[PDB]
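Notes follow once the structure below has been shown.
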Amino acid sequence: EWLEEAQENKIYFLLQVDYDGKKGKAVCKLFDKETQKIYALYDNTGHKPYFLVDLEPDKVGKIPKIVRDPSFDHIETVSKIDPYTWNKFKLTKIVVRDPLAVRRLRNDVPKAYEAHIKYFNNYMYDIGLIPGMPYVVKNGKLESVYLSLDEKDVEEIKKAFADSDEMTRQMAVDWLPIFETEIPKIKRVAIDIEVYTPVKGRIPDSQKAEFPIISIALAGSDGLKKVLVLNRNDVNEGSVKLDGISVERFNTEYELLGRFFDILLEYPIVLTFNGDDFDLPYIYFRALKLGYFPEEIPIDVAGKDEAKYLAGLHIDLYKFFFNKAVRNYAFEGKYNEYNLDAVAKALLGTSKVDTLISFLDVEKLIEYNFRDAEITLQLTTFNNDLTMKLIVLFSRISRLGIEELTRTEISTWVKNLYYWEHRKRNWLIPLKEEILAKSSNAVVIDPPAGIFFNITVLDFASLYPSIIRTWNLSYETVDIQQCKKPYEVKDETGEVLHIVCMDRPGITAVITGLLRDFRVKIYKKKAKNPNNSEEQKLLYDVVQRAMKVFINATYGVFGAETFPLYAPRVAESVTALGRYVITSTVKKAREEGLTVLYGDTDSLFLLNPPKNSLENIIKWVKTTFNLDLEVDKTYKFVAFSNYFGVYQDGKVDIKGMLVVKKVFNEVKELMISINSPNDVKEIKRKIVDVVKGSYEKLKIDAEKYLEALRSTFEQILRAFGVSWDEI
Ligand SMILES: [Mg+2]
């Protein structure tokens, strides 16, 4: 087909596994840096799709809907460890011939386990594969390659985990390679099409593909800059350059797409921005109405919300940046909108258009079309290929393949890590129902309003993740029946909301703790350490960024009730101990001479205290619980009413309350940047616009319009003065 088979005893980077319905096998998609191509290794083990049932082989054999099904293969018996007790028991295993038979047969039995795992992930779990990592093909199977590490590097890992439990220490050595292994440079082309629209504001159905493609832009990471354009009211195919952009011209759309395929086929990865929904399907269905056979088109659009590029991987980057964990934790909330221009400005700082693109002359169509594709490539290129590296590390940590990962929420990424590790341990992955039944048997402190001076803030570095590990919280250690070493988890009235077993390490506690400690104890440090070469400085930086994404996302996914491993008592125990830690840390500040103005879930705003008293409560947290409290910030001053920070170098951290609006904004911020310890005359400069903006504006909207001017100023005047009227 489009993919050539991988060769015996060559080395490739695994990128993902797919299922081939035709051959009925899992296929590993293997990247070769030498040829810059992707090859296929088809499973040569006996591996088939399956699910588990806790009935007996002879009873399952009397269910004729299973046994007489054409995809029915055979029944076996396997063993699993119960996460709750670590006891070994037996389950029966229904093996069928194809993934679809798993979906069909799993409800012919009362209670099917491991029956909602996509076949290519289930293969990954059982073989023990890690995408984004290098392997050698030995006897048609993948074997991991030798990793060259400094002895000092590995001693440094082992020292940081010497105090941890058996599970953590071996898991730490088992994960090391995925943080020390180089990331491959993968050749890639972002593409972007434009189609003809008679009416201006009307996005054409990409299935119907009613109108011609007028151009396609291709921006490649190997320097390619291309625009293929359809000659509309003229007829010659001459080629030219336009500020570095190779423009080719075509009289028929058939030959335009012909040549788009030829170029596409040079790349192992195609990048789009919303190409799953638009670009690739539009190309695919135009190509069919133009006289391409299905089998000549290296795109498949048979999947529901997906476009596959048959000679490699297609990453739709719309879906990557729209990922909420990527948006918030990878890129610090820098974009609020998910369209190309919004993401590009936030991450690249690169800023429109007169008419619709159907009206545009050839020259402006070419610049505009190419710019879209160029920006799409650059989202993958900025900061020494940061986002290619993030994607690869995210695959490694989640063990999800690249295409599934860039199209899924982080809760799918975390689920996949946890299923993988269960399966490596031979643990049964529990049903969501069973976690509920096996579980069976008031705010943050407010800020006084006004003006307060020289404030230092105190943050818990990563609070919820840190308490997950510190208190051994996991779905299998909270509110369980048989428990030798219980631990009470109270909140306020010493109520004892839940019990937590310390008999065994909880898997969630082990993994979040291990990720966290890999980050703070080793990789944060290593990344900004001058003795490291610049190549490995960048690797370690991405490593710690990516760790951060999973750490900070962990509570949110485990706290959502849709999550397959959601235990209400885990989530509730986390917030409980969160209150307990911040409440308790508040009392110690009140008994050290510290004045506590503001306090949310993991932060404490402190009124200029001595350096002696800060060091007391920090080291006190380390002895009471085992958390790291630290000196976050040092505001020049802050104002309250929801707050309004000010730094001594300029910039302000205005929490909320920022939705005339342009000229007036700049005056307010340079007036507040003047701020010294004075007060009453500082506010009279700003009171010029209270009565001015409110009362003078005479010379859908009528007279209530002036309350919308007041909402970009409502909370700031509450700090200084009080409320007023002008009727
Ligand atoms: Mg475009």
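Under the working numbering, the very last position in the sequence shown is 1649; numbers go up by exactly one each time.
Idealized CB from N, CA, C, for every residue including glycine.
Check, Outcome
"Give me the DSSP bridge partner(s) of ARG1171.", "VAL1151"
"Going by other Cβ atoms of all chains shown within 10 Å of its Cβ, with 16 needed for buried, is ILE1125 buried or exposed?", "exposed"
"Can you have a look at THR1194 and say buried or exposed, based on whether 16 or more other CB atoms are within 10 angstroms of its CB?", "buried"
"From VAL1612 to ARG1501, what does the alpha carbon distance come to, in whole angstroms?", "40 Å"
"Where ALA1023 and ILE960 are concerned, what is the direct C-alpha to C-alpha distance, given to the nearest angstrom?", "29 Å"
"CB-CB under 7 Å to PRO1134, same chain, minus the five flanking residues each way: which ones, in chain order?", "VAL1117, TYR1118, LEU1152, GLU1175"
"Would the region 1250-1270 count as touching the region 1461-1471 if we require 3 or more Cβ pairs under 8 Å?", "yes"
"Cutting at 6 Å between CB atoms, please list the residues of its own chain near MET1310, excluding the five before and the five after it.", "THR1302"
"Would you mind stating whether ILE1003 and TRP1342 have Cβ atoms separated by less than 8 Å?", "no"
"Under a Cβ-count criterion, where at least 16 other Cβ atoms within 10 Å of its own Cβ denotes burial, should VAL1157 be classed as buried or exposed?", "exposed"
"Excluding the five sequence neighbours on either side, which residues of its own chain have a C-beta within less than 6 Å of the C-beta of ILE1367, listed in chain order?", "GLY1521"
"I think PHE973 touches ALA1037, with their Cβ atoms under 8 Å apart; what is that distance to the nearest whole Å?", "4 Å"
"Counting Cβ pairs, one atom from each stretch, are 3 or more of them under 8 Å apart for the region 1129-1148 and the region 1288-1306?", "yes"
"Using C-beta distances below 8 Å, list every residue in its chain close to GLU1159, excluding the 5 sequence neighbours before and after it, in chain order.", "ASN1153, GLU1170, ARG1171, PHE1172, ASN1173"
"Are there any heavy atoms of ligand 1 lying less than 7 Å away from the beta-carbon of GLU1116, as far as the coordinates show?", "yes"
"Can you check which of these residues, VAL1568, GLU1636, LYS1447, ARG1091, is closest to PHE1375 by C-alpha distance?", "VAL1568"
"Name the DSSP beta bridge partners of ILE1421, please?", "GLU1410"
"Is any non-hydrogen atom of ligand 1 found closer than 7 Å to the C-beta of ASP1199, if you look at the structure I gave you?", "no"
"Buried or exposed: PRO1190, going by 16 or more other Cβ atoms within 10 Å of its Cβ?", "buried"
"State the CB to CB distance for the pair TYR941 and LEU952, rounded to an integer number of angstroms; the pair is presumed to be in contact (CB under 8 Å).", "16 Å between Cβ atoms; not a contact."
"Could you please give me the residues that DSSP links to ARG1110 through a beta bridge?", "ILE1191"
"Name the two residues that bound the continuous beta strand (DSSP E) containing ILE997.", "994-1003"
"Below 8 Å on the Cβ atoms is my contact criterion, and I expect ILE1539 with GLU1514 to pass it. Report the Cβ-Cβ distance as a whole number of Å.", "6 Å"
"Could you check what DSSP says for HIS1236 in three-state terms: helix, strand or coil?", "strand"
"Could you tell me which residues DSSP puts in a beta bridge with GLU1065?", "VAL1058"
"Count the other C-beta atoms from every protein chain shown that fall within 10 angstroms of the C-beta of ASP1571, then say buried if there are 16 or more, exposed otherwise.", "exposed"
"DSSP three-state call for residue 871: helix, strand or coil?", "Here the chain has residues from 923 to 1649 only, and residue 871 is not among them."
"Fully enclosed by the region 1567-1602, which beta strand (DSSP E) runs are 3 residues long or longer?", "none"
"Label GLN1466 either buried or exposed according to how many other C-beta atoms from any shown protein chain fall within 10 Å of its C-beta, with 16 as the threshold for buried.", "buried"
"At least one CB of chain D closer than 8 Å to the CB of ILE1003: is that the case?", "Note that chain D does not occur in the displayed structure, where there is just one protein chain."
"Once you ignore the five residues that flank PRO1531 on each side, which residues in its own chain have a CB closer than 6 Å to its CB?", "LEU1516"
"How about the region 1551-1563 and the region 1395-1412: do they share at least three Cβ pairs that are nearer than 8 Å?", "no"
"Tell me, to the nearest whole angstrom, how far the beta carbon of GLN929 is from that of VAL1059; I am working on the premise that it is less than 8 Å.", "7 Å"
"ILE1377 and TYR1557: beta carbons closer than 8 Å?", "yes"
"Can at least three beta-carbon pairs, one atom from the region 1590-1601 and one from the region 1405-1423, be found at a separation below 8 Å?", "no"
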